[PDB]
Amino acid sequence: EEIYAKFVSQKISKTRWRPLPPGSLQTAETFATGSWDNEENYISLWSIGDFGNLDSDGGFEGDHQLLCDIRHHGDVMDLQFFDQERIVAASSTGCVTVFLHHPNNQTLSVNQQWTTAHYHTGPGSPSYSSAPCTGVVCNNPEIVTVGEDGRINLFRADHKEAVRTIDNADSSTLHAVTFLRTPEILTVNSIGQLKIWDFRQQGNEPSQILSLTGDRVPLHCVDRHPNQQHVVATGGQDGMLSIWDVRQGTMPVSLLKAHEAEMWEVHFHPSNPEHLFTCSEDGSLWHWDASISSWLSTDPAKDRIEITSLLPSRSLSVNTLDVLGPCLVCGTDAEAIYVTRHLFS
Amino acid sequence: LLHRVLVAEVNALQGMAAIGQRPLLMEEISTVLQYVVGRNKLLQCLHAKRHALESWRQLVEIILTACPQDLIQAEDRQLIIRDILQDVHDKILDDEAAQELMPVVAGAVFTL
Amino acid sequence: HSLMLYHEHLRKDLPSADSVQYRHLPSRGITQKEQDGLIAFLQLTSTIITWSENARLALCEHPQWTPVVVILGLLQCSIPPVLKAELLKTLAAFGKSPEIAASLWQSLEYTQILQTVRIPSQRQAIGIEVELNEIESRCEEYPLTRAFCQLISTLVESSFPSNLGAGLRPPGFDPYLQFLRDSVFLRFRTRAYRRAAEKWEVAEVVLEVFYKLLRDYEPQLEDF
Amino acid sequence: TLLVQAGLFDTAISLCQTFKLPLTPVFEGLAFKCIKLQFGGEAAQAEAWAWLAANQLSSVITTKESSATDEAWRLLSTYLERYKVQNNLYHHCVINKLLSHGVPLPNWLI
């Protein structure tokens, strides 16, 4: 069906759905966003407007209603839900912040904050320099983050300090991070590599490394298939999409062109994961259907992936997406958000 | 359903004695269930005999009400009805004859 | 006695945390010659108890062999998933006798080989919900989860206690159905498979359990 | 161990008395017959009379509310009151056998 765009008069760097109650029969009712490149950046909670109704006096109540906000510090580099009331966000300040929604009040608050999670160092004094925190992933009650400092941190939603830190896991920027298994993560970098880390190991060095062959394509985003802990998808500086089986050598299994630019997020569908979605600095947003899991076929001219642009035009950059049941949302540099309640009609 | 219900009571009898009598209670459930299979055969037979007699009566009454009088003549049409009446009577004048048939039999004897 | 000795040894090398320095190789792991011999004896045992009623009872009743407690105890240890699969099949052949099955249901719930009691501080799950997603989903072969589905597939036809899990959690079956539905079945088309057949060998043994659970259930007003 | 599996418990006790043997397997096995009864469908309750009548319970009139499950609890109570000389071990045994099967302890046993 048609897609309900909204201007919000801030650039949106990140969007996320509110996690549904286990065993409910609701659609995705609420989403959260984070902003970037303002004089003031914010994190906001929104409801999807109800296009089903008019009352006697003819008003269009079908707007994506703002529930509540809170002001941020720096740019909102990455964003994720932690439970059904708490959210975690990264920052250009190297800060990591946990927030709490108050349904009885319609407000946000801070819940906990790590103001120096990421920082660059220098010769012999604790006059640290700000390092952008680039990505965040949650495994409640646990949390992991990456940054320009090449640091990996492990944090906890009951603890104030770091549970573990790993400085200089790269000499370049680390961009994004995901959990393969609860003590076992994967990160991506400025070189064009996937680095795998096990918090059980007492060294700081990586448990495994994967790459492209020689020429450097920085990898900006990563996801890992919901019912295959060994299948990983990454997005390049060029607009390539790479599918990996982390058990089978050092290279991707499947290599596809997705954009004419930097690909900013990639996601498998949380219930339908033979479906995939991607956004980019080429101004486009795409759906991919492929229904061995079809993502691991070495000949996409035999086995299918059938591919749809969800936007009817190209905008200023699409930084982010999220998809939950039939609902999809994306966020842009055109100071705007796009939402559908239905992706299968 | 009858087996499930009778076995539920042979679970609900919480005692000493019931749990020595349980074999005989399952054995008497077996004779009750066999009698009820007999009752189910009887009802399906009394249906089938009566449904066949109703189908036969329907055929006879079309031969009489709907076939042309120039296809069965004034004497052979009478002999056929005189003979059918005598055969339809004796099978209900015999005292083993099922009473469920009498509303079909008298219903035929009337049209005949 | 060999199974009790392996249980006694494997449960004693357990890594006490403070011991962070240069260990040697632990020369106490079962070698393949003992593994494949234990597999042959478990498969012999499983055939015998699959047939003979007398041979399920007169092994479970033995106060010095206690085979259910030794086998569930070995399933908690870091042994290979193939040896765990033939151990689970030996339980699946034992669980034909309803007296054994009723005690086995309580023993499975007590041993958390599927973790029904998830603790609010705990990040990693424990038991077969990790081994399926962190061992079998690396090998691309699924003997442990298929043997667990086969264990539940016997233990439904010998029935389950209505009070299963009481005092530790709400009573009843649905935590096992959540694993079979939401961790096995809804995840059978996602996973990769070294055996192109095993994608279907997994589907058989889960849809059998669901079929049995809908065959023998008749609706009652208390369900509502 | 064989008499305990059959359920011939007072002759197993008589044999423990002629050979000094510990009554612990008798108390554990009677508790395990009570556990099998406490989750037992009606065949396991028909099976029970055939060993309850062997344990000489002939001094009880068959009142028509007498569940087979609880004459087994009554026999186990009577043995825990008859054999007092070592009574820690036989309560510890029965309670450990009930708790290892998740069974709540009877009001009289506590």
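So basically every Cβ, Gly included, is an ideal-geometry build from the backbone, and we count neighbours across all protein chains shown. Laboratory data are not the source of any read-out in this text; all were calculated from the coordinates shown.
A few comments on the model shown:
- Contact annotation: residue pairs with Cβ atoms under 8 Å, 6 or more positions apart or on different chains, pairing a residue in the stretch C:121-149 that is farther than 18 Å from A:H230 by Cα with a partner that is part of a loop (DSSP other than H, G, I, E, B) and of a type in the set (D, E), are C:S121/A:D158.
- Taking the criterion of being away from every other protein chain (no Cβ under 14 Å), farther than 20 Å from A:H73 by Cα and crowded, with 19+ Cβ neighbours inside 10 Å, the only residue of the stretch A:125-150 that qualifies is A:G150.
- Odd one out for A:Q193, checked against (1) touching a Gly at 6+ places or on another chain (Cβ under 7 Å); (2) under 17 Å from A:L241 (Cβ atoms): (1)
- Here B:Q99 clears all of (1) surrounded by 10 or more Cβ atoms within 10 Å (Cβ to Cβ); (2) closer than 30 Å to B:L2 by Cβ except the condition numbered (1).
- Out of B:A48, B:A74, sole residue that is more than 14 Å from chain D (Cβ to nearest Cβ) and either outside any helix (DSSP H, G or I) or touching a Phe, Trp or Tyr at 6+ places or on another chain (Cβ under 6 Å) (or both): B:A74
- Qualifying residue in the stretch A:325-342 (condition: on the phi > 0 side of the Ramachandran plot and surrounded by 14 or more Cβ atoms within 10 Å (Cβ to Cβ)): yes
Residues are listed down the side, and each one gets a yes or a no for (1) surrounded by 15 or more Cβ atoms within 10 Å (Cβ to Cβ); (2) of a type outside the set (K, R):
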{"position": "A:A162", "(1), (2)": "yes, yes"}
{"position": "A:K195", "(1), (2)": "yes, no"}
{"position": "A:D215", "(1), (2)": "no, yes"}
{"position": "A:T250", "(1), (2)": "no, yes"}
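- Filter result for A:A157 (over 17 Å from the mean Cα position of the chain (by Cα) and within 14 Å of chain C (Cβ to nearest Cβ)): yes
- B:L46 vs. criteria surrounded by 12 or more Cβ atoms within 10 Å (Cβ to Cβ) and within 12 Å of the chain's Cα centre (by Cα): yes
- The C-beta contact set for the stretch C:9-27 (first residue within 12 Å of chain A (Cβ to nearest Cβ), second residue part of a loop (DSSP other than H, G, I, E, B), distance under 9 angstrom, 6+ apart or interchain) comprises C:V20/A:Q202.
- Leading residue by the ranking (farthest from A:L328 (Cα to Cα)) among those in the stretch A:264-313 that are hydroxyl-bearing (S, T, Y), in a loop (DSSP other than H, G, I, E, B) and away from every other protein chain (no Cβ under 14 Å): A:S313
- Considering the stretch C:58-97, the residues that are within 14 Å of chain D (Cβ to nearest Cβ) and among the aliphatic types (A, V, I, L, M) include one that is surrounded by the fewest Cβ atoms within 10 Å (Cβ to Cβ), namely C:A58.
- Residue ID - farthest from A:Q26 (Cα to Cα), chosen from residues in the stretch A:48-62 that are within 31 Å of the chain's Cα centre (by Cα) and exposed (fewer than 15 other Cβ atoms within 10 Å of the Cβ): A:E61
For (1) outside any loop (DSSP other than H, G, I, E, B); (2) on the phi > 0 side of the Ramachandran plot; (3) not aliphatic (A, V, I, L, M), each residue gets a yes or a no:
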{"site": "A:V144", "(1), (2), (3)": "yes, no, no"}
{"site": "A:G150", "(1), (2), (3)": "no, yes, yes"}
{"site": "A:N168", "(1), (2), (3)": "no, yes, yes"}
{"site": "A:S172", "(1), (2), (3)": "no, no, yes"}
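- Among the candidates C:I152, C:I100, C:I128, C:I135, the residue that is closer than 28 Å to D:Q5 by Cβ and either within 13 Å of chain A (Cβ to nearest Cβ) or among the aliphatic types (A, V, I, L, M) (or both) is uniquely C:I100.
- Subset of the stretch B:9-19 [assigned to a helix (DSSP H, G or I) and within 10 Å of another protein chain (Cβ to nearest Cβ)]: B:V10, B:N11, B:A12, B:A18, B:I19
- The set of residues in the stretch A:178-191 being surrounded by fewer than 22 Cβ atoms within 10 Å (Cβ to Cβ) and either away from chain C (no Cβ under 14 Å) or outside any strand (DSSP E or B) (or both) consists of A:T178, A:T182, A:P183, A:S190, A:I191.
- On the stretch given as the stretch A:192-227, residues that are within 14 Å of chain C (Cβ to nearest Cβ), of a type outside the set (K, R) and over 13 Å from A:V177 (Cβ atoms) total 9.
- The number of residues in the stretch D:1-17 that are surrounded by fewer than 19 Cβ atoms within 10 Å (Cβ to Cβ) and within 12 Å of another protein chain (Cβ to nearest Cβ) comes to 4.
- Of the strands (runs of 3 or more DSSP E) lying entirely inside the stretch A:1-109, those containing at least 1 residues that are of a type in the set (S, T, Y) and under 30 Å from C:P175 (Cβ atoms) span A:30-36.
- Residue within the stretch C:112-119 that is of a type in the set (A, V, I, L, M, F, W, C), within 18 Å of C:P80 (Cα to Cα), away from every other protein chain (no Cβ under 12 Å) and not in a helix (DSSP H, G or I) present: yes
- Taking the stretch C:168-224 as the range and being among the small types (G, A, S) and within 18 Å of the chain's Cα centre (by Cα) as the test, the residues that pass are C:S183, C:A203.
- Some residue of the stretch B:20-42 being polar (S, T, N, Q), surrounded by 11 or more Cβ atoms within 10 Å (Cβ to Cβ) and either within 14 Å of chain D (Cβ to nearest Cβ) or touching a helix residue (DSSP H, G or I) at 6+ places or on another chain (Cβ under 6 Å) (or both): yes
- Looking across the stretch D:47-79 at every residue that is surrounded by fewer than 19 Cβ atoms within 10 Å (Cβ to Cβ) and among the aliphatic types (A, V, I, L, M), the one that is farthest from the other protein chains (Cβ to nearest Cβ) is identified as D:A54.
- Considering the stretch C:182-201, and only residues there that are in a helix (DSSP H, G or I) and either facing chain A (nearest Cβ under 8 Å) or polar (S, T, N, Q) (or both), the residue that is nearest to C:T145 (Cα to Cα) turns out to be C:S183.
- Every pair of residues 6+ apart whose Cβ atoms lie under 8 Å, when the first sits in the stretch D:78-89 and is within 16 Å of D:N55 (Cα to Cα) while the second is of a type outside the set (S, T, Y) and not in a helix (DSSP H, G or I): D:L80/D:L109; D:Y83/D:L23
- Scanning the stretch C:9-56 for residues that are in a helix (DSSP H, G or I) and farther than 22 Å from C:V82 by Cβ yields C:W51, C:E53, C:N54, C:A55, C:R56.
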